[PDB]
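By convention in this document, chain letters (A, B, ...) are assigned in the order of the sequence lines, proteins followed by strands, and residues within each chain are numbered from 1. Atoms considered below: every heavy atom in the structure, side chains included; atoms not considered: hydrogens, waters and symmetry mates.
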2 protein chains.
Amino acid sequence: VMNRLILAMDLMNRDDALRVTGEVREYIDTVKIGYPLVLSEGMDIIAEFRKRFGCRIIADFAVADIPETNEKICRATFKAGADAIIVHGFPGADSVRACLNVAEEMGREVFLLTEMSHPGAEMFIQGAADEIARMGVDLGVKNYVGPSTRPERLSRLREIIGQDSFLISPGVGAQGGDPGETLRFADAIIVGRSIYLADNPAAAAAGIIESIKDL
Amino acid sequence: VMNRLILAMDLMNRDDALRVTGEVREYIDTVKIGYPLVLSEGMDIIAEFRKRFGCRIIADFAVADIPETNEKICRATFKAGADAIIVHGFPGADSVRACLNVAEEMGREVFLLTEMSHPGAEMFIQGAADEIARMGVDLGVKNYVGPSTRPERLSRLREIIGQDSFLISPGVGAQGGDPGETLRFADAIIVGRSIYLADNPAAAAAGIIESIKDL
Ligand SMILES: N#Cc1cc(=O)[nH]c(=O)n1[C@@H]1O[C@H](COP(=O)(O)O)[C@@H](O)[C@H]1O
Ligand SMILES: N#Cc1cc(=O)[nH]c(=O)n1[C@@H]1O[C@H](COP(=O)(O)O)[C@@H](O)[C@H]1O
């Protein structure tokens, strides 16, 4: 992705979301849109963004249901024009396979969320995350998400998925993660609040890119 | 809930969803609406249903993000008129507490999904589910979801949460669960396809209720 930086656009107002995304568009190639924006403004916002900004859109829907419901969520999400969807691994292989089947049908991609970035991830997800990643490899998953806030776990995840797999990583900035350290292991970093809550989101994005280029 | 039966309305067309819900409204008082319907027809469908049918609405959004994102999802979902939201416990206590805080602010309820009903739940979720349920109890959660497809696990869940907690259970019918056995432990059953894919959804609901009344 352009500059190895993905904008997490979690503003909950179409006007603010459009303003900030337009201000930082020169510095990115992909926008992650999640439920805060979609549930506030509708699924139509995905195709609006994709057209207006000519960016790729990852739907961060943390898909975490039974196989049959997962298939329906993926179908609706790709129909809305998303390029990829983020799916939890913790509910197991059949739930992940359902999403992979729809992505295959529709010519799109699945990202598998292994370990989450927030403190509570330590309770249950962290102890299963290596096995969730290995499950991903066995299912043929090629795109993964893992935590900026724990670079030793990001390293272990990269070890499991290999160098050919694509790995993106949230928790940079607001949650405490560092762009340069995270990019030792991940291919791209996700950044939300550090950019979209900044007084000057373009300046915040540019500052991040400047530290990335230096690596 | 009326007749201990909650309709899982996962049709993805407003006209079909309205038809079936109207046909079975005499047999229920609560409708579970999830992402298949919401992502196809918009969040406004929640208030439409609540008004048209005068039913309680549980938003089954399997909420499974970091605390800050969970808060935004819950806020948008209650603003849309939902009475309650279903939240995963696997991501940990901070993520669950975020949802509880918004529910407290807005006068609504959180249901904690412990163990899921599909086969893949056995991989990772089942081994954590007793601890997820105990975490719920410690956080003061009073409403829980657990699997019709494993009544021995539903029994263990009920043991952890006590008799005062409210427990609803999906996986009845299509996934293999039985209404009567599940209601030995759960307060209410969730039923989707066995009703909404039936040639006569009212007859399917009535058939289920006749077997419930007999218990
Ligand atoms: N993908 C994802 C997800 C999984 C995870 O483990 N940690 C995250 O922060 N996220 C999402 O990434 C973004 C992080 O944004 P921020 O830079 O912390 O403001 C949010 O959309 C959050 O919901
Ligand atoms: N709530 C929930 C959820 C958690 C779980 O462990 N198992 C489920 O089936 N569900 C949901 O309950 C409904 C079950 O519907 P059905 O009766 O199997 O057609 C679906 O909306 C499914 O997504």
Side chain of [X], backbone of [Y]: donor and acceptor closer than 3.5 Å?
X	Y	answer
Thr77(A)	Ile73(A)	yes
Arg150(B)	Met116(B)	yes
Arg158(A)	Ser165(A)	yes
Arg108(A)	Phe78(A)	yes
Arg25(B)	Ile28(B)	yes

> Hey, mind stepping through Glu41(B) and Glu48(B) against side chain to side chain contact (heavy atoms under 4.5 Å, CB included) and telling me if it holds?
Replying inline: CA-CA 11 Å; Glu41(B) 294 291 357; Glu48(B) 183 172 14; over 6 Å; no
Pull out the residues in [range] that come under 4.5 Å of chain A, heavy atom to heavy atom, sorted by number.
range	value
residues 166-189 of chain B	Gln175(B)
residues 91-99 of chain B	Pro91(B), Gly92(B), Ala93(B), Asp94(B), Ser95(B)
residues 117-146 of chain B	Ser117(B), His118(B), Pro119(B), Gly120(B), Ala121(B), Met123(B), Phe124(B), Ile125(B), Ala128(B), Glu131(B), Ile132(B), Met135(B)

> Between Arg56(B) and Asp29(B), is a side chain to side chain contact (heavy atoms under 4.5 Å, CB included) present by the stated rule, with each step listed?
Replying inline: CA-CA 6 Å; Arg56(B) 288 280 188 99; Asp29(B) 198 291; 4.2 Å; yes
> Which atoms form the tightest heavy-atom contact between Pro147(B) and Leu154(B), and what is the distance?
Replying inline: N-CD1, 3.7 Å
> Is the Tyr35(A) to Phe61(A) ring centre distance short of 6.0 Å?
Replying inline: yes
>> Is the distance between the ring centroids of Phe90(A) and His88(A) under 6.0 Å?
In response: yes
So how far is it from [X] [atom1] to [Y] [atom2], rounded to the nearest 0.5 Å?
X	Y	atom1	atom2	answer
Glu68(A)	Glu71(A)	CD	CD	8.0 Å
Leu37(B)	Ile46(B)	CG	CD1	8.5 Å
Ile86(A)	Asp60(A)	CD1	CG	3.5 Å
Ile85(A)	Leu100(A)	CD1	CG	11.0 Å

> Please walk me through it: do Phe49(B) and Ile33(B) pass side chain to side chain contact (heavy atoms under 4.5 Å, CB included)?
Replying inline: CA-CA 9 Å; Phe49(B) 263 59; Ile33(B) 297 186; 3.8 Å; yes
> Please walk me through it: do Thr30(B) and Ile57(B) pass side chain to side chain contact (heavy atoms under 4.5 Å, CB included)?
Replying inline: CA-CA 6 Å; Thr30(B) 309; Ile57(B) 298 293; over 6 Å; no
>> Please determine whether a side-chain nitrogen of the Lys or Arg among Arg50(B) and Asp83(B) lies less than 4.0 Å from a carboxylate oxygen of the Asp or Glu.
In response: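 Salt bridge present between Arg50(B) and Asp83(B).
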> For chain B, which residues of residues 5-21 of chain A have at least one non-hydrogen atom nearer than 4.5 Å to it?
Replying inline: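 The residues closer than 4.5 Å to chain B, in numerical order, are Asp10(A), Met12(A).
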> Measuring heavy-atom distances to chain A, does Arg75(B) have an atom under 4.5 Å in its side chain, in its backbone, in both, or in neither?
Replying inline: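 Contact with chain A: none, neither part.
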> What option among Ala76(A), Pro36(A), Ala62(A) has the most heavy-atom pairs under 4.5 Å with chain B?
Replying inline: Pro36(A)
